[PDB]
Every structure is written in C-alpha cells, then in structure tokens.
Amino acid sequence: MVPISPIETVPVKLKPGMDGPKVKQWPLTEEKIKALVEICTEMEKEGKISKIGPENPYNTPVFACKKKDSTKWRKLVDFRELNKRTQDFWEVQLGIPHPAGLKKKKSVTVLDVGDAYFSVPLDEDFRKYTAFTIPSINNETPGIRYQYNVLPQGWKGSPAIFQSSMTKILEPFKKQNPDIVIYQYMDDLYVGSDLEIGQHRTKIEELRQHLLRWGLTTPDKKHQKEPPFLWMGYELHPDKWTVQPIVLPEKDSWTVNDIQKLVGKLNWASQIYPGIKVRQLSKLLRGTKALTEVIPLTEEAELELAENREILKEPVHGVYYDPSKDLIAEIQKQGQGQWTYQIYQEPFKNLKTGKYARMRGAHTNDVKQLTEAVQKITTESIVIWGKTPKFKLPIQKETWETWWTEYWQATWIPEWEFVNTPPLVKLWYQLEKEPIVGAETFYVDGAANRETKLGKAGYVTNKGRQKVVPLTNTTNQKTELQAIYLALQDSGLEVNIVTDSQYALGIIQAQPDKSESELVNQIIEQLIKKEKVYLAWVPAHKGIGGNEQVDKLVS
Amino acid sequence: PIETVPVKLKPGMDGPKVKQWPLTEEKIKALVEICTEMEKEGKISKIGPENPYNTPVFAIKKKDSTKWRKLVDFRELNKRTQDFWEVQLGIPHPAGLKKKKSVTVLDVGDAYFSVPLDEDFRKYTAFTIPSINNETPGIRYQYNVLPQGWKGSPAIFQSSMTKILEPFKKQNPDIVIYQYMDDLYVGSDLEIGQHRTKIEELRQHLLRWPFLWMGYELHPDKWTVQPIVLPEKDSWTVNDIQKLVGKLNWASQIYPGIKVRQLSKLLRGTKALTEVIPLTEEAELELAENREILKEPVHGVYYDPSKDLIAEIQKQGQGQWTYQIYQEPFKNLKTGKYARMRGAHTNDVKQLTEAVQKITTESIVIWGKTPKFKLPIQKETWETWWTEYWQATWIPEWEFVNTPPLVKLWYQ
DNA sequence: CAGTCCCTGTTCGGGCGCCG
DNA sequence: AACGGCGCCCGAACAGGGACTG
Ligand SMILES: Cc1cn([C@H]2C=C[C@@H](COP(=O)(O)OP(=O)(O)OP(=O)(O)O)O2)c(=O)[nH]c1=O
Ligand SMILES: [Mg+2]
Ligand SMILES: [Mg+2]
C-alpha cells in the first residue's frame, strides 16, 4: 500500500514478443555495498521503492559511481537489457539552450529540483519489470529484492518522462504568470523577470510552493539568488555571459586520445573565442586507429596550437539578445578552407562566434564554401534567435553575381552586404562562353588499359602541333585530365580546348580553386595563368573534327 | 455520431519517425496560436513521449494571403498508408479537367475537421512544436479528426463530399470537379464572369454545411509545351556544328530517326573552332529532315497509371527554367519552360520553389499525381530555404542531382 | 546487352566536447 | 561500467552514373 503521487503517470509498454530483464548481478567492491543498502532502506520508507518476493521472476544489476564531485553518491541501474526490450520514446529535448539567446532580464533565479527522477512515478503496470536484488554481504546474506515506484536513473525512458511531466506541472503556473520567462532544461529551471528584486523573490516562492504540490523540492543548496549564475556551463552576469574556464592540457608527449579531447575543448571554446582553428590538430587523427599511440605534433599543428592558447589567454565574453536590434553575422576567411564568423548586434559586442572548416567534395572553390558557411550560420541562428542575421561577407557583389547567375545549380545567399576585409573571396579564372578567334585549338584525348593500367595522353591542333605522352599506373579519367593539362602547358595565353570527357569538363566548369587531386591543382594553376580559355565538348567515337584524329593517337 | 473508418498502415511498416526541423519565430508563434484554438475545439490533443511517432510541422501563407496556415509534412505517413487512399477508397481522375478553359482551386481542407479519426490511428498523426533557443521541450500533439495534408482525409470524406456536391453537379452537368488532398478543382468552359459566378454558387453550397474565400485560377487550355529546337544561323562555324552534332546525338535517344552523317562530314580534319564552314547541299537536306522529326511526336509515349511520375528541372539562367515530366527515360509525357517567375534575377531558390509548385499543379490536373522531382540544387541549400517560399498545402517528393550542362538540350 | 571499374556522393556510428 | 540531448571530425560501408570489356 504505497501512496499515489499527484503527478500523472506515463503509460509505458514493452516491445511485443519480449519479456522483462533477467540478468545476474555484478560483483562489486565492499565500498559500494555499504552505500546502497542505506539507499534502498530510505527509499522504502519514503514510498520510492517497494519490496517484492518470488512472484517477480526478473533481476537487474546496478553499478554505482559517486555524484558530480560532492559528498553524495549516485545510483545508476544497468538497464541496457531492459532498454533493448522497452518501447521507444520520442525525445522532447530538441537542443541545448544557448546563453546568447537569452534576453535581458532585471531579476534572474536558477533553481534545481532535488531528486528529479526519484520524484516522478513509474507506470503502475510497469513497476513489475524493474526487479533487482541487494545483497547486504558480498557472499553471505542473499538479500531481499526490491522494485522501483519512480523513474530509475539509467533507464532510456527516464529523461523523456521527467521533461514531459515537468512541463505539465509548469503549464498552470506559466499561464498565471505570462511575463515570467522559465527556461526548462531537465531539472534546472532558469526563472527570469523584469520585476523588482523584492517582487521577484515573491513569485519565486510562489513557484517553489507550486512545484511542492506535486512533490518537487527546490532545496536551498542549489538555489542561486545572485550573479554570477552557473547555468548550462556558463557564467551569467547581469549584462554579459562567458563560458566557464576551459583548461587545455599541456603534455610533453601527445597521444591520440589526448588530441581528441584537445580538439573537443577547442570546438567548445570556439563559440565565443574568435579565430580558433582545429584543422592541423584533427589532421593528426587520420589513419591511426590506436587511442594509446603517441603522435608527434607537426610544425603546422604546433603553430596552430600555440595560436589557440594565446586566444584563450585574454578573457572574452558574449552579450545577451536584444530583439529591438538587428542580427549581424560577419565571416572571415582563415585560409585552407577555414572560416570564422561572429554574430552580434552592436559592433564589437559579440553574441557568439564560431567556425566552419568542413571540406565537402573532391573539388571546390571559396565561393562554394562561403555559401556553405552562410547556410550553417543561418540554421544555427534560427535555432537560437528564430531569425536570419544580415550577413557581412568578404566577397564583392559583382563576384557573387557572376558565380550564381552562371552556375548550373540553384544557389542563393540571404540579404547581405560587402565588407572589405582581405583576403577577399573571388573566382580565380573564368571560362569563355564562345570560342576565341585567333587562339590555337587543341583537340585532346586520353586512353588507358583497365588491366595493365598503362595509358596515353596527348593532343593535335589546327596548326599541326601534336604530342603523345605515355603514362604508367593511370585510369581513363586521369588521362583525360592529363590531356587537358598538356594542352594548357603547351599553349599561349589564349587557347580553345576540345575534349570528349564529360568527367573532366564537369570538374573544370565548376571553377574549382582547390582539389584533393594534385593533377587538378596543377590544371587550376595553368587555368589561372591563362588570359582566355574556351572548353568545348564533343561526343566521342563520332568522327568529329580533330577528336577523331587524337583518338587514334592515344588508343 | 460518425463511425470512424478503420485505418491501417501498410503491412510490415511502422509509423513515421521524422524529426522536427527548426522554425522561425513568426512560424512558431503562428503554430502555437493555431494549435491552441484547435485544442480548444478538440481537433487535436496533447500527448506524451510514450508516442514514438512524429511528423514535421511548419506554417505557410498562400499566394496573396496574409493568414498563416498550418502545414504538416505528412509525406512519410502518406506512403505508409498508400494501399488506403489508392486501393480501398480511391478518387477517380477526370480526363476532361485539363481540357476545360478555366479551373479554380478551392481550399476545402477545413471540412475534414468534422469527421473523427480512428482512435487506433491517431498516434501516427503526432507532431511537435519546437521552441526558440530550446527554452522549453517540444510541445507534442496528435490529431482527433481527419488531418489536413493526409491523403487518407479526402478518401474518407469522399462519401461525405459526394453528397454535398451532388445537387451542384446536377444543376451544372458540364462542370468537372476533382478533389486532390485538401483542394477542390472546379473546371468549366463558361466565360470568366460565368465561371466565377458558378464558383461562388459552389462556395455558398459548401457554407450551408478558413480559406474558402480564396480561389486560385488556372487555364490548362493555355498551357504550352517546349519542344527541342535547333538553331538557325546565316553562317556556321566549326564550333557551331560541333555543338549541333552533340545536341542531335543526344536527341537521337528520343527520336531514333535523327542522323548526323552529312553534318559530321563538314568537320573533317583538325580545323579551328571559329573557322566558318558553309553547309553543303546534303547537309542542308539532313538538317531540314532533322527539324521535321523534332516536330513529329515520339513513338509509343503514353501515361501508365501504375507508374510514378518523374520531373527534372534545368536552370537555364536569366530567369529561365526548363522541365520534363516522364515515367520512362526519354519517354517524356510533357516538356515545358518557365520564365520571369517571382524571384527572377535575384533568388534561385524562390524560382525553383515556384517551378516545383507549378509542375506539381499541372501534374495534378493532367494525371492526378504529384511527380517526384530531381532538383538541380544542393540538399543543404534547399533544406535551408524552401519552406520560406512554399505556398501550397501539399508537398511532393524530391531528390537532389548535379548534372553540369555538357550540351544545352532544352534551351539553346 | 551484363558486369566490372573509377570516381564521387551520402549515411551512420563512434571518438570527443558540453548539458542534465 | 548507465540514459537522453546537441555540436565537431573521423572512417567504413553503401549508392549511383559514365565508360569500357566480354
Ligand atoms: C548529471 C546526471 C543527471 N541525470 C539525471 C538525473 C536527474 C537529473 C538531474 O540530475 P542532478 O541534478 O545532477 O541530480 P538530482 O537527481 O537532481 O539530485 P539533486 O542534486 O538535485 O538533489 O538528470 C542522470 O541521469 N545522469 C547524470 O549524470
Ligand atoms: Mg537536481
Ligand atoms: Mg576521350
């Protein structure tokens, strides 16, 4: 006979055709034995745990670690076999609140519900599926077995039920206090208002008593009444916010698992520290699949790490969101596919920063990557503030106009303006739209054998110029690119080039300025030196012009 | 007082589990206001996390409308109930709708809110309203009545719809009425004044039983086709003939009678691209014959109702967009071109959005189906912006391609 | 006509950061 | 040694289209 809590239960079923958990206990140290027998006794008197008998043919072990670095201990059940047989839940947590999205509030209070999961009831017909034994001695007393009447910590359905139950309890209070903002993340409650300090504590106590009607306690231990507030890993001040101090490890010999933690902290630091790069550090995590393997720091990864530590020296901070002012996002090119941005409303008062350094595609250009960074910032801004910022981009209006109007794919950038901060993004060459009068016409081609991997590449021109170059360990695609490279090497500043390679033409027409292929990079270098280049395509094996002639040479 | 029609998923399929994407501030505020009124009216109810199903939701404004409309992306749920709205209770497609002079599209989705939904099926209509900056967890609802945007809604209401439209169809035996999704397609050959007058009689006919005041007008008799055309120049260069042979060679996959013998003979040797080549007597003959074959229809091209429609779009530049609709490759059922749409010369995504909506509207009128689109755009670019410009209550299927134009096939 | 190859793309799961 | 959320950078597995060979 246990009392039913005021919180409405959540009906939890299991996957059909499956039963409950039947896993043997795990032998643990005697330190854990004297730290859980006292828990199952206190929770039994408080109605949070009921004792069962032989009519419950289930069992589940429970390993326990200490609480978040404090005097208390934490009990977590290994429901990994129960989760495999429990129904799936739709998570209602859609993201992480960011302090740059908080508005200015005169009064701020951060609460913390004590015993979050242990104050929300479990489904009545589901408590039987949570059986576990507690041996008082490691090898003497068999130990009486108990069950769970609330949400166990470790179950895959506990977080979703608590977040949904917490919302239903706050709904009547929020309806009675519309001007009060309540950021609800798990059990921590961020309460803010523009009321006076005196009247604010009044509504806080009203909220504390409202939650108490459902058995939710807000003890004075984690009650924050004055700045700086520690909320979501940040330091919240009345007019600014900052990340909690980030400590980077400084070792003499670096391994694989240490760089993974190093790049991780730098990613977390790049949300407010401008100009953080992790290109050369993450480049060390390629190929090697041994977490306990020493990796020497390259000269490029060492200078990158030294420049990151100096950024973290001077303390930085972000500001809060003002809906009355516009959102501005400015991007800088950091070189080698690296981009850094800042989002602000007033100049030099950054709400947050960030970086975009993803390299997608074998071949690309700065304009494509800038477009991708704009899309990343836009979606990030819609999550935090619900609107798109005005962009300040280091690309001329004329440059962008030339690219998007000529590209074969739909592409667009929201309302933006040019900012003159070098290095400016530009297109490094432009293919001609019509053939060039007076320029030599190169008919190029290349063939390769699938078996021997041997191939040829060359050209013939209207002036009688000709070349054939034998290649070893190549492909049909590589010889087609090589043929175009030969025509660019051996031509003047203006040249017409005829190929039958849809593969090669598709790469060059997209005006790439960087490539994972050394051959394509050499082709780009030649295309830049030229004054006019006209690429033309013809179907192969059709007796068309000099294409038929150069096809005989290389095949 | 209405028995709920039993609805079951296709055997071997589970309900939709699609994540909600971020919404702008004005869209969330619109949806919170709409869902509050629908909950007060019992159309939707709050649910918990024990419902593992989910379907995205956002808001749109139709053309020349300032009123927010709730739109659910039921695309995943629709193809998991395909044997319902196509085998059990299917809606026949009138072949004469495309022949009418004027066709008006009426929003009748609000009538679906009066029929209850099967209790065993309501869990698959779950959706989640997000919050700005994740201030609060997601607010989850599920539908208690027939939801807008679900292909099962017009199928169940079809029996109710027939009785409502029965007196009007007797009054006007020449008017063709087609129902697709939340819309009603009313076509007639009457004059513009006579047509709009009869449309208002149908509106009053529905009133005696929030977007019924709008009437998007179509003219399928004015819809055009964009054939493959060949350039006509006074002089031809080596480059001109190389492009012509490349275009005719690809066109031979559609018309097998196209020849390039007498034209490739003009390109004998290794000539400069800008060298002028006078067309021979036989080359004029072969080019004139090819121009006539491009006017002749393609052999054995007809619509198969059991196959899916596929639409490809090409960006041609300067506000020009071409498209082809087919079921089998090189067996196009329709080719067309759009120009000077909204966003021309400034916004590719708004134009591409508009083009997809026009092509889908035409497919609904001609065949009663929405095609699957092959969009010339990057996935991340489309998924960032397309809902900003969407003005339709349905959503077609689409995939993303990248085909560099080796030869301008549909627009020289 | 199939069956490969070459090349390039996306999907997903795990490493790490961070929150509770 | 647990659960859930989001982000990054990583590699393996997979899909898909042009092009050559039997
Ligand atoms: C930090 C943490 C948390 N949780 C779950 C449990 C309760 C809520 C909040 O955890 P908590 O605030 O740190 O402890 P809590 O149970 O609330 O007890 P109190 O310290 O608040 O009294 O999230 C978890 O399952 N694993 C974790 O590591
Ligand atoms: Mg707590
Ligand atoms: Mg070739």
# chains A, B, ... in the order shown; residues from 1 in each chain; ligands from 1

$ residues_near_ligand --ligand "ligand 2" --cutoff "6 Å" --atoms "only C-alpha atoms (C1' of nucleotides) and all ligand atoms" --output "ChimeraX atom specification"
/A:112-116,187

$ write_last_selection --atoms "C-alpha atoms" --output "mmCIF file, in the first residue's frame"
data_model
loop_
_atom_site.group_PDB
_atom_site.id
_atom_site.type_symbol
_atom_site.label_atom_id
_atom_site.label_comp_id
_atom_site.auth_asym_id
_atom_site.auth_seq_id
_atom_site.Cartn_x
_atom_site.Cartn_y
_atom_site.Cartn_z
ATOM 1 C CA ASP A 112 17.464 22.843 -9.259
ATOM 2 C CA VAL A 113 14.893 20.161 -8.448
ATOM 3 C CA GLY A 114 16.201 17.777 -5.800
ATOM 4 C CA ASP A 115 15.725 14.092 -6.640
ATOM 5 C CA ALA A 116 14.471 14.717 -10.156
ATOM 6 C CA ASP A 187 15.570 19.636 -13.720
#

$ residues_around --residues "residue 21 of chain D" --least-positions-apart "5" --cutoff "12 Å" --atoms "only C-alpha atoms (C1' of nucleotides)" --output "MDAnalysis selection string"
(chainID A and resid 449:451) or (chainID C and resid 2:5)

$ residues_near_ligand --ligand "ligand 3" --cutoff "12 Å" --atoms "only C-alpha atoms (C1' of nucleotides) and all ligand atoms" --output "PyMOL selection string"
(chain A and resi 443-448+456-459+475-484+498-505+537-542+544+546-555) or (chain D and resi 18-20)

$ residues_near_ligand --ligand "ligand 1" --cutoff "10 Å" --atoms "only C-alpha atoms (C1' of nucleotides) and all ligand atoms" --output "NGL selection string"
(:A and (65-68 or 70 or 72-77 or 111-119 or 151-156 or 158-159 or 162-163 or 185-188 or 217-219 or 221-222)) or (:C and (19-20)) or (:D and (2-4))

$ residues_around --residues "residue 12 of chain D" --least-positions-apart "6" --cutoff "12 Å" --atoms "only C-alpha atoms (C1' of nucleotides)" --output "ChimeraX atom specification"
/C:11-14

$ write_last_selection --atoms "N, CA, C and O atoms (P, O5', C5', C4', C3', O3' and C1' of nucleotides)" --output "PDB file, in the first residue's frame"
ATOM      1  P    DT C  11      21.992  11.686 -46.799  1.00  0.00           P
ATOM      2  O5'  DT C  11      22.315  10.401 -45.907  1.00  0.00           O
ATOM      3  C5'  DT C  11      22.006   9.104 -46.397  1.00  0.00           C
ATOM      4  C4'  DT C  11      22.576   8.031 -45.489  1.00  0.00           C
ATOM      5  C3'  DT C  11      22.318   8.243 -43.992  1.00  0.00           C
ATOM      6  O3'  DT C  11      21.746   7.072 -43.435  1.00  0.00           O
ATOM      7  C1'  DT C  11      24.606   7.784 -44.387  1.00  0.00           C
ATOM      8  P    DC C  12      21.183   7.079 -41.930  1.00  0.00           P
ATOM      9  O5'  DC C  12      22.405   6.526 -41.062  1.00  0.00           O
ATOM     10  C5'  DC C  12      22.934   5.234 -41.325  1.00  0.00           C
ATOM     11  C4'  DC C  12      24.114   4.943 -40.418  1.00  0.00           C
ATOM     12  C3'  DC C  12      23.928   5.375 -38.961  1.00  0.00           C
ATOM     13  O3'  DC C  12      24.398   4.358 -38.088  1.00  0.00           O
ATOM     14  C1'  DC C  12      25.908   6.307 -39.826  1.00  0.00           C
ATOM     15  P    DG C  13      23.910   4.315 -36.558  1.00  0.00           P
ATOM     16  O5'  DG C  13      24.672   3.050 -35.948  1.00  0.00           O
ATOM     17  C5'  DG C  13      25.812   2.517 -36.615  1.00  0.00           C
ATOM     18  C4'  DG C  13      27.102   3.074 -36.033  1.00  0.00           C
ATOM     19  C3'  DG C  13      27.032   3.492 -34.561  1.00  0.00           C
ATOM     20  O3'  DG C  13      27.839   2.623 -33.778  1.00  0.00           O
ATOM     21  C1'  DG C  13      28.239   5.073 -35.899  1.00  0.00           C
ATOM     22  P    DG C  14      28.014   2.866 -32.200  1.00  0.00           P
ATOM     23  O5'  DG C  14      29.391   3.672 -32.093  1.00  0.00           O
ATOM     24  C5'  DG C  14      30.592   3.097 -32.600  1.00  0.00           C
ATOM     25  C4'  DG C  14      31.763   4.045 -32.421  1.00  0.00           C
ATOM     26  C3'  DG C  14      31.856   4.702 -31.037  1.00  0.00           C
ATOM     27  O3'  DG C  14      33.181   4.591 -30.522  1.00  0.00           O
ATOM     28  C1'  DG C  14      31.968   6.338 -32.733  1.00  0.00           C
TER      29       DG C  14
END

$ select_by_dssp --residues "segment 92-307 of chain B" --states "alpha helix (DSSP H)" --output "VMD selection string"
chain B and resid 152 to 171 192 to 207 238 to 251 261 to 264 281 to 293

$ interface_residues --of "chain B" --to "chain C" --cutoff "12 Å" --atoms "only C-alpha atoms (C1' of nucleotides)" --output "list in words"
residues 378, 379, 400, 401 and 402 of chain B

$ write_last_selection --atoms "C-alpha atoms" --output "mmCIF file, in the first residue's frame"
data_model
loop_
_atom_site.group_PDB
_atom_site.id
_atom_site.type_symbol
_atom_site.label_atom_id
_atom_site.label_comp_id
_atom_site.auth_asym_id
_atom_site.auth_seq_id
_atom_site.Cartn_x
_atom_site.Cartn_y
_atom_site.Cartn_z
ATOM 1 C CA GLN B 378 22.451 21.035 -53.129
ATOM 2 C CA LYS B 379 20.481 19.343 -50.359
ATOM 3 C CA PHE B 400 18.922 16.161 -55.395
ATOM 4 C CA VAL B 401 21.084 15.905 -58.524
ATOM 5 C CA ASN B 402 24.071 17.695 -60.061
#

$ interface_residues --of "chain A" --to "chain C" --cutoff "6 Å" --atoms "only C-alpha atoms (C1' of nucleotides)" --output "MDAnalysis selection string"
chainID A and resid 186 232 260:261 264:265 268

$ interface_residues --of "chain B" --to "chain A" --cutoff "6 Å" --atoms "only C-alpha atoms" --output "list in words"
residues 22, 24, 25, 49, 50, 52, 132, 133, 134, 135, 136, 137, 138, 246, 264, 267, 268, 269, 270, 271, 272, 274, 315, 348, 376, 377 and 404 of chain B

$ closest_residue --among "A:27, A:6, A:21, A:178" --to "chain D" --atoms "only C-alpha atoms (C1' of nucleotides)"
A:27

$ closest_residue --among "B:362, B:399, B:41, B:387" --to "residue 224 of chain B" --atoms "only C-alpha atoms"
B:362

$ residues_around --residues "residue 139 of chain B" --least-positions-apart "3" --cutoff "7 Å" --atoms "only C-alpha atoms (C1' of nucleotides)" --output "list in words"
residues 128, 129 and 130 of chain B

$ residues_around --residues "residue 420 of chain A" --least-positions-apart "5" --cutoff "10 Å" --atoms "only C-alpha atoms (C1' of nucleotides)" --output "ChimeraX atom specification"
/A:392-396

$ closest_residue --among "A:212, A:64, A:52, A:295" --to "residue 1 of chain D" --atoms "only C-alpha atoms (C1' of nucleotides)"
A:64

$ select_by_dssp --residues "segment 99-316 of chain B" --states "strand (DSSP E)" --output "tab-separated table (two decimals) with N, CA, C and O atoms, in the first residue's frame"
chain	number	residue	atom	x	y	z
B	102	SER	N	-11.13	27.16	-67.89
B	102	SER	CA	-10.75	27.74	-66.61
B	102	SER	C	-10.98	26.72	-65.50
B	102	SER	O	-12.01	26.04	-65.47
B	103	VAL	N	-10.01	26.61	-64.60
B	103	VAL	CA	-10.06	25.69	-63.47
B	103	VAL	C	-9.69	26.47	-62.22
B	103	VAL	O	-8.59	27.04	-62.14
B	104	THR	N	-10.60	26.51	-61.24
B	104	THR	CA	-10.37	27.20	-59.98
B	104	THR	C	-10.13	26.18	-58.88
B	104	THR	O	-10.83	25.16	-58.80
B	105	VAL	N	-9.12	26.44	-58.05
B	105	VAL	CA	-8.75	25.54	-56.96
B	105	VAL	C	-9.27	26.14	-55.66
B	105	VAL	O	-8.93	27.27	-55.31
B	106	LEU	N	-10.08	25.37	-54.94
B	106	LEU	CA	-10.69	25.81	-53.69
B	106	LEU	C	-10.12	25.02	-52.52
B	106	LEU	O	-9.99	23.79	-52.60
B	107	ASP	N	-9.78	25.72	-51.45
B	107	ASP	CA	-9.28	25.09	-50.23
B	107	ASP	C	-10.47	24.61	-49.40
B	107	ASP	O	-11.24	25.42	-48.88
B	127	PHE	N	2.80	15.31	-33.95
B	127	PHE	CA	3.74	16.34	-34.38
B	127	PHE	C	4.21	17.11	-33.15
B	127	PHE	O	3.60	17.05	-32.08
B	128	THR	N	5.31	17.84	-33.32
B	128	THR	CA	5.97	18.54	-32.22
B	128	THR	C	6.22	19.99	-32.60
B	128	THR	O	6.81	20.26	-33.65
B	129	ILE	N	5.77	20.91	-31.76
B	129	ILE	CA	6.03	22.33	-31.93
B	129	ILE	C	7.33	22.66	-31.21
B	129	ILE	O	7.42	22.45	-29.99
B	139	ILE	N	6.43	20.68	-27.64
B	139	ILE	CA	5.02	20.55	-27.31
B	139	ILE	C	4.40	19.60	-28.33
B	139	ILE	O	4.26	19.94	-29.51
B	140	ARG	N	4.01	18.41	-27.88
B	140	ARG	CA	3.54	17.35	-28.77
B	140	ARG	C	2.02	17.27	-28.78
B	140	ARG	O	1.37	17.32	-27.73
B	141	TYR	N	1.45	17.14	-29.98
B	141	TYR	CA	0.02	16.95	-30.18
B	141	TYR	C	-0.21	15.74	-31.06
B	141	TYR	O	0.71	15.22	-31.70
B	142	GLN	N	-1.46	15.28	-31.10
B	142	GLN	CA	-1.91	14.32	-32.09
B	142	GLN	C	-3.33	14.68	-32.50
B	142	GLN	O	-4.06	15.34	-31.75
B	143	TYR	N	-3.72	14.25	-33.69
B	143	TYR	CA	-4.99	14.66	-34.26
B	143	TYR	C	-6.13	13.77	-33.77
B	143	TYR	O	-5.97	12.56	-33.60
B	176	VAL	N	-16.67	20.09	-64.34
B	176	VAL	CA	-15.84	18.98	-63.87
B	176	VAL	C	-15.26	19.36	-62.52
B	176	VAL	O	-14.62	20.41	-62.38
B	177	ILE	N	-15.47	18.50	-61.52
B	177	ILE	CA	-14.99	18.73	-60.16
B	177	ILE	C	-14.05	17.59	-59.79
B	177	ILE	O	-14.44	16.42	-59.85
B	178	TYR	N	-12.82	17.94	-59.42
B	178	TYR	CA	-11.83	16.97	-58.99
B	178	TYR	C	-11.32	17.36	-57.60
B	178	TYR	O	-11.13	18.54	-57.31
B	179	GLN	N	-11.10	16.35	-56.76
B	179	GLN	CA	-10.63	16.55	-55.40
B	179	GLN	C	-9.26	15.91	-55.26
B	179	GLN	O	-9.09	14.72	-55.54
B	180	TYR	N	-8.28	16.70	-54.82
B	180	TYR	CA	-6.94	16.20	-54.54
B	180	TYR	C	-6.45	16.82	-53.24
B	180	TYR	O	-6.37	18.05	-53.14
B	183	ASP	N	-7.61	20.19	-51.53
B	183	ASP	CA	-8.08	21.12	-52.54
B	183	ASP	C	-9.22	20.53	-53.36
B	183	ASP	O	-9.41	19.31	-53.41
B	184	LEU	N	-9.96	21.42	-54.01
B	184	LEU	CA	-11.06	21.05	-54.88
B	184	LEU	C	-10.85	21.77	-56.21
B	184	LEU	O	-10.71	23.00	-56.23
B	185	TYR	N	-10.81	21.01	-57.30
B	185	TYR	CA	-10.54	21.55	-58.62
B	185	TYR	C	-11.85	21.63	-59.40
B	185	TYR	O	-12.47	20.60	-59.68
B	186	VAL	N	-12.26	22.85	-59.75
B	186	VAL	CA	-13.53	23.10	-60.42
B	186	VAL	C	-13.22	23.71	-61.78
B	186	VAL	O	-12.72	24.84	-61.86
B	187	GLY	N	-13.52	22.97	-62.84
B	187	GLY	CA	-13.23	23.41	-64.20
B	187	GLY	C	-14.50	23.52	-65.03
B	187	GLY	O	-15.40	22.69	-64.91
B	188	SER	N	-14.55	24.54	-65.88
B	188	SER	CA	-15.68	24.74	-66.77
B	188	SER	C	-15.22	25.49	-68.01
B	188	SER	O	-14.14	26.08	-68.03
B	216	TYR	N	-7.74	30.22	-56.40
B	216	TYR	CA	-6.62	30.25	-57.34
B	216	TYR	C	-7.09	29.73	-58.70
B	216	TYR	O	-7.62	28.61	-58.79
B	217	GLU	N	-6.92	30.53	-59.74
B	217	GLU	CA	-7.45	30.23	-61.06
B	217	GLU	C	-6.37	29.68	-61.98
B	217	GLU	O	-5.24	30.17	-62.00
B	218	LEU	N	-6.73	28.65	-62.75
B	218	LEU	CA	-5.85	28.02	-63.72
B	218	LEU	C	-6.49	28.06	-65.10
B	218	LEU	O	-7.70	28.27	-65.24
B	310	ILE	N	8.02	11.38	-62.87
B	310	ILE	CA	9.32	11.94	-62.55
B	310	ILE	C	9.46	13.27	-63.27
B	310	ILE	O	9.16	13.37	-64.46
B	311	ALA	N	9.92	14.29	-62.54
B	311	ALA	CA	10.12	15.62	-63.10
B	311	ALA	C	11.58	16.02	-62.93
B	311	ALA	O	12.12	15.94	-61.82
B	312	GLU	N	12.21	16.44	-64.02
B	312	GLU	CA	13.55	17.00	-64.00
B	312	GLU	C	13.48	18.48	-64.37
B	312	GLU	O	12.73	18.86	-65.26
B	313	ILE	N	14.27	19.30	-63.67
B	313	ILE	CA	14.31	20.74	-63.88
B	313	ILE	C	15.74	21.14	-64.22
B	313	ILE	O	16.69	20.63	-63.62
B	314	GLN	N	15.89	22.05	-65.19
B	314	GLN	CA	17.19	22.62	-65.52
B	314	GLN	C	17.14	24.13	-65.33
B	314	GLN	O	16.22	24.80	-65.82
B	315	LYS	N	18.14	24.66	-64.63
B	315	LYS	CA	18.35	26.10	-64.56
B	315	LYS	C	19.05	26.56	-65.84
B	315	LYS	O	20.18	26.15	-66.12
B	316	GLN	N	18.38	27.40	-66.62
B	316	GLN	CA	18.93	27.88	-67.88
B	316	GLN	C	19.56	29.26	-67.77
B	316	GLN	O	20.25	29.68	-68.71

$ residues_around --residues "segment 28-34 of chain B" --least-positions-apart "6" --cutoff "8 Å" --atoms "only C-alpha atoms (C1' of nucleotides)" --output "count of residues only"
7

$ atom_distance --atom1 "atom CA of residue 377 of chain A" --atom2 "atom CA of residue 349 of chain A"
17.5 Å

$ decode --residues "segment 143-160 of chain A" --atoms "N, CA, C and O atoms" --output "CSV table (one decimal), in the first residue's frame"
chain,number,residue,atom,x,y,z
A,143,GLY,N,19.9,-11.4,0.5
A,143,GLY,CA,19.4,-10.0,0.3
A,143,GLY,C,18.0,-10.0,-0.3
A,143,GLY,O,17.7,-10.7,-1.3
A,144,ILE,N,17.2,-9.2,0.3
A,144,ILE,CA,15.8,-9.1,-0.1
A,144,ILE,C,15.8,-8.2,-1.4
A,144,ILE,O,16.5,-7.2,-1.5
A,145,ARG,N,14.9,-8.5,-2.3
A,145,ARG,CA,14.8,-7.8,-3.6
A,145,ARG,C,13.7,-6.8,-3.5
A,145,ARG,O,12.7,-7.0,-3.0
A,146,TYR,N,14.0,-5.7,-4.2
A,146,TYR,CA,13.1,-4.5,-4.2
A,146,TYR,C,12.6,-4.2,-5.6
A,146,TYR,O,13.1,-4.9,-6.6
A,147,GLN,N,11.8,-3.2,-5.8
A,147,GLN,CA,11.4,-2.7,-7.1
A,147,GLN,C,11.4,-1.2,-7.1
A,147,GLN,O,11.5,-0.6,-6.1
A,148,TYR,N,11.1,-0.6,-8.3
A,148,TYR,CA,11.0,0.8,-8.4
A,148,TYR,C,9.6,1.3,-8.6
A,148,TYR,O,8.8,0.7,-9.4
A,149,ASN,N,9.3,2.3,-7.8
A,149,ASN,CA,8.0,3.0,-8.0
A,149,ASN,C,8.1,4.4,-8.7
A,149,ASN,O,7.1,5.0,-9.0
A,150,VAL,N,9.3,4.8,-8.9
A,150,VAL,CA,9.6,6.1,-9.6
A,150,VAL,C,10.4,5.8,-10.8
A,150,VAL,O,10.5,4.7,-11.3
A,151,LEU,N,11.1,6.9,-11.3
A,151,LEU,CA,11.9,6.8,-12.5
A,151,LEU,C,13.4,6.4,-12.1
A,151,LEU,O,14.0,7.2,-11.4
A,152,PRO,N,13.8,5.2,-12.5
A,152,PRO,CA,15.2,4.9,-12.2
A,152,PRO,C,16.2,5.6,-13.1
A,152,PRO,O,15.9,6.0,-14.3
A,153,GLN,N,17.4,5.9,-12.6
A,153,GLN,CA,18.4,6.6,-13.3
A,153,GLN,C,19.2,5.6,-14.1
A,153,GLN,O,19.9,4.7,-13.5
A,154,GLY,N,19.2,5.6,-15.4
A,154,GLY,CA,19.8,4.7,-16.3
A,154,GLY,C,18.9,4.1,-17.3
A,154,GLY,O,19.3,3.6,-18.4
A,155,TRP,N,17.6,4.1,-17.0
A,155,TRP,CA,16.6,3.7,-18.0
A,155,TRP,C,16.5,4.7,-19.1
A,155,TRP,O,16.6,5.9,-18.9
A,156,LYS,N,16.3,4.2,-20.3
A,156,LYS,CA,16.3,5.0,-21.5
A,156,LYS,C,15.0,5.8,-21.6
A,156,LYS,O,14.9,6.8,-22.4
A,157,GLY,N,14.0,5.5,-20.8
A,157,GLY,CA,12.7,6.3,-20.8
A,157,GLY,C,12.6,7.3,-19.7
A,157,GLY,O,11.6,8.0,-19.6
A,158,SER,N,13.6,7.4,-18.7
A,158,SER,CA,13.5,8.3,-17.6
A,158,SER,C,13.6,9.7,-18.0
A,158,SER,O,12.8,10.6,-17.5
A,159,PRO,N,14.6,10.2,-18.9
A,159,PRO,CA,14.7,11.6,-19.2
A,159,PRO,C,13.4,12.1,-19.9
A,159,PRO,O,13.0,13.2,-19.6
A,160,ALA,N,12.9,11.4,-20.9
A,160,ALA,CA,11.7,11.9,-21.6
A,160,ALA,C,10.5,12.0,-20.7
A,160,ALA,O,9.7,12.9,-20.9
